[PDB]
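The block underneath contains the structure these notes are about, expressed in structure tokens.
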Amino acid sequence: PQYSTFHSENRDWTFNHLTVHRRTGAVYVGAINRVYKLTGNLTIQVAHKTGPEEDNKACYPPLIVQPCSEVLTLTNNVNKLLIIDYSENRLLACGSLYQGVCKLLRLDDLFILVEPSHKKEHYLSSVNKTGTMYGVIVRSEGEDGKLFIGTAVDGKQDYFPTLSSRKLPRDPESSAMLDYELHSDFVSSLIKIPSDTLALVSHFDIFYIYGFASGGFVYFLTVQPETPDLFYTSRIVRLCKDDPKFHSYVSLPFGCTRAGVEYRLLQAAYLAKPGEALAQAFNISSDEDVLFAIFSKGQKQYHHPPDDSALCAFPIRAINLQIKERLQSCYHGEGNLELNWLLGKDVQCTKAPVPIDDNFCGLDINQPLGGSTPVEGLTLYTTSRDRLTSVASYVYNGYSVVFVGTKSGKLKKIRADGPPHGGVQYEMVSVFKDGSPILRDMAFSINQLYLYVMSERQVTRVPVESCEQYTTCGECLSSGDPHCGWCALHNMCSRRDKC
Ligand SMILES: *[C@@H]1O[C@H](CO)[C@@H](O[C@@H]2O[C@H](CO)[C@@H](O[C@@H]3O[C@H](CO[C@H]4O[C@H](CO[C@H]5O[C@H](CO)[C@@H](O)[C@H](O)[C@@H]5O)[C@@H](O)[C@H](O[C@H]5O[C@H](CO)[C@@H](O)[C@H](O)[C@@H]5O)[C@@H]4O)[C@@H](O)[C@H](O[C@H]4O[C@H](CO)[C@@H](O)[C@H](O)[C@@H]4O)[C@@H]3O)[C@H](O)[C@H]2NC(C)=O)[C@H](O)[C@H]1NC(C)=O
Ligand SMILES: *[C@@H]1O[C@H](CO)[C@@H](O[C@@H]2O[C@H](CO)[C@@H](O)[C@H](O)[C@H]2NC(C)=O)[C@H](O)[C@H]1NC(C)=O
Ligand SMILES: *[C@@H]1O[C@H](CO)[C@@H](O)[C@H](O)[C@H]1NC(C)=O
Numbered sequence: 036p037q038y039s040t041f042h043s044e045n046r047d048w049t050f051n052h053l054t055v056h057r058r059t060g061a062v063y064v065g066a067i068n069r070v071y072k073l074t075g076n077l078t079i080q081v082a083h084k085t086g087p088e089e090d091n092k093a094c095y096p097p098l099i100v101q102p103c104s105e106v107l108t109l110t111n112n113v114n115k116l117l118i119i120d121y122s123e124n125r126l127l128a129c130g131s132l133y134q135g136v137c138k139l140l141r142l143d144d145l146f147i148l149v150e151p152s153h154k155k156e157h158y159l160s161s162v163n164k165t166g167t168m169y170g171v172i173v174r175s176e177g178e179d180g181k182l183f184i185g186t187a188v189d190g191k192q193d194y195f196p197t198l199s200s201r202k203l204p205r206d207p208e209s210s211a212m213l214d215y216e217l218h219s220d221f222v223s224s225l226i227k228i229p230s231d232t233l234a235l236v237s238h239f240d241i242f243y244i245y246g247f248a249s250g251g252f253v254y255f256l257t258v259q260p261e262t263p273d274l275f276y277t278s279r280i281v282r283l284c285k286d287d288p289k290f291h292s293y294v295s296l297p298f299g300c301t302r303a304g305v306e307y308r309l310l311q312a313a314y315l316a317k318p319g320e321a322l323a324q325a326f327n328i329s330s331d332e333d334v335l336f337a338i339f340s341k342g343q344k345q346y347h348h349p350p351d352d353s354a355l356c357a358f359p360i361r362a363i364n365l366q367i368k369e370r371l372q373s374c375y376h377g378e379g380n381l382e383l384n385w386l387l388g389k390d391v392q393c394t395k396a397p398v399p400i401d402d403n404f405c406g407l408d409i410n411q412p413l414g415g416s417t418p419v420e421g422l423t424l425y426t427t428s429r430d431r432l433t434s435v436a437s438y439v440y441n442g443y444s445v446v447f448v449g450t451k452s453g454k455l456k457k458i459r460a461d462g463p464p465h466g467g468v469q470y471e472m473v474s475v476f477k478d479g480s481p482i483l484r485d486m487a488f489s490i491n492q493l494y495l496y497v498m499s500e501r502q503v504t505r506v507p508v509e510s511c512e513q514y515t516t517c518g519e520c521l522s523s524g525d526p527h528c529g530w531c532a533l534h535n536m537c538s539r540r541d542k543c
């Protein structure tokens, strides 16, 4: 079949991130040294150089803010982040160069709208490997709005915070760009990895894999080595949208297990609406959000992972409630804070007469809050033949179809039914005809019809339905591909709306 494609114009200039404009269908593909804007049918429009440029990783503060007495080199710019900012009609993009430059581009032509100041803190991270940084832009009505950002900091606990909320202001001209939402001597909208922890655990860092806006909160999904073989722990991090002091912080481990085997290494995630099936399963409305995630076996070697992988669903209501009860108890003197990487010691929960209302936003006591009581997600599908890499979901006609990418370059189409079944992988499709890993990022067309899927050197527009393959009614209504109805006055298997 003749799928739409976009190859990398270069052997070195590989793809990093991807996103689609949900109203115009422009395909923005962040890549090494480039940030291409494409059209719906993946035909090249605006190429955009971001690299390479002269730089050196040892230079801090970065070359942009001062000359540095080091041997410079022609260093590459890896696209670490790529969020469309819908409210202010602009793209945001960050890179590995000059200690983590963020540039606000323009949607129309990718022309640099705003350079951030030459204040060294406006630069985010010297880390030049992908899938360690994620951001969420939150512009709830009334204020200028902000960027919540988390990133790996490669041992420089002084230079870059692990997670912070920056100002992303209305006036594109403004110098306020990427200043901390708050910055006094002590209280600030940033969390820094203490030196104590970086000593006590060798190459200690926190990789951020996904983040999302949900209701009154911002959530970040983080993988890290664990305080005393190599023990890794995937987590959920939750902050109030309106909290500058960062007092609202609370962090719980998460994972899912099926058939005695347990999966606790987050490889991907993706927020979406719940199935009809899945909605009944979690006792949520068909409004509320469900986070779909992928996990590896155990908690061993995140850097060299196995093959046993598992898709699972977490309804936000469960997270929001498992947190609510964690806070609850801790506010009645029960247990400890239990967050040893950031606290560096044991801190006893303070019993306080404070009601933990449905959306409570922290005080200066019992924070930051942790926990050692995993948030268990409902498994939907497993395998050990192929490793799973990416995840993306949506709801067609009550049925939640979930798409999953593989190490071998395959996209599975799983329909989620919930207990006791879980999910039925109704169809597989080989996207990359050589067996190239699919990358964490995947997104739909404006009107659901396609899903953009990408490897290091490829981007392909794969359609959701291909019911054509099903020739007879006995094969059509047999596969369980929720799109496919058998057609009357046509005598073929296709989608509902075109019949
Ligand atoms: C989503 O939410 C729903 C709704 O909240 C939830 O379903 C409830 O689950 C809870 C907790 O598991 C159940 O509570 C248990 O109830 C036990 C007794 O239940 C019987 O009695 C119910 C009331 O009967 C009265 O009203 C009916 C009118 O319908 C009338 O005819 C009767 O004569 C009587 O007056 C009755 O509704 C219920 O019957 C339904 O449910 C059964 C399945 O259980 C189903 O097969 C039937 O078809 C029917 O729809 C049933 O006959 C009770 O003994 C038990 O108490 C123990 O545990 C608690 C908590 O640990 C202790 O406090 C207690 O001391 C005992 O140890 C428990 O409270 C509740 O029955 C369910 N409600 C319904 C409507 O089904 C789902 O779980 C949620 N879904 C998911 C996926 O999570
Ligand atoms: C990320 O930066 C590192 C530098 O720290 C790069 O690794 C270097 O690669 C060159 C060859 O291109 C070698 O000569 C050096 O020995 C490497 N240095 C170190 C410290 O390992 C790496 O290539 C960069 N990655 C990307 C994707 O650009
Ligand atoms: C894709 O469609 C566009 C119109 O948006 C057209 O200009 C372009 O030529 C098409 N590309 C290919 C590769 O056929």
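For the sequence shown, the residue numbers in the authors' numbering are 36 to 263, 273 to 543.
We put the beta carbon where it would ideally sit given N, CA and C, even for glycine.
Asked	Found
Three-state secondary structure assigned by DSSP to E332	coil
heavy atom of ligand 2 below 8 Å from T186 C-beta	no
Neighbouring residues (CB closer than 6 Å to any heavy atom of ligand 2)	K92, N111, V113 and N163
Quiz: which residues have CB nearer than 5 Å to ligand 3 non-hydrogen atoms	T74, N76 and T78
Residue range of the unbroken beta strand (DSSP E) whose run includes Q80	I79 to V81
Within 9 Å, strictly: CB atoms of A61 and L127	no
Coarse secondary structure for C393, derived from DSSP in three states	coil
beta-carbon residue 272 near ligand 1 non-hydrogen atom, thresh 8 Å	It's not possible to place residue 272 here, given that the chain moves directly from 263 to 273.
For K368, the first and last residue of its enclosing alpha helix (DSSP H)	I360 to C374
Whether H527 touches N441 by CB criterion (9 Å)	yes
C-alpha gap between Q411 and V294, whole angstroms	7 Å
Where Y38 sits in the DSSP three-state scheme	coil
Span of the alpha helix (DSSP H), counted from its first residue to its last, around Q324	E320 to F326
Own chain residues within Cβ distance below 6 Å of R279, not counting five before or after	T257, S295 and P297
Residue from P350, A362, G415 and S353 whose Cα sits closest to the Cα of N380	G415
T85 vs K138 beta-carbon contact at 9 Å	yes
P359 versus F336 - alpha carbon distance	9 Å
Under the three-state DSSP convention, the category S200 falls into	strand
The region 361–370 contacting the region 444–463, beta-carbon criterion three pairs below 8 Å	no
Coil, strand or helix - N384 by DSSP	helix
Simplified DSSP assignment, three categories, for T232	helix
For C284 and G251, the rounded distance between their alpha carbons	6 Å
Pairwise C-alpha distance: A234 and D90	28 Å
Bridge-paired residues (DSSP) for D120	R125
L145 vs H83 beta-carbon contact at 9 Å	yes
Backbone secondary structure at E208 - three-state DSSP	coil
Among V334, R302, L309 and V305, the one whose alpha carbon lies nearest that of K317	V334
DSSP state of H52 mapped onto helix, strand, coil	coil
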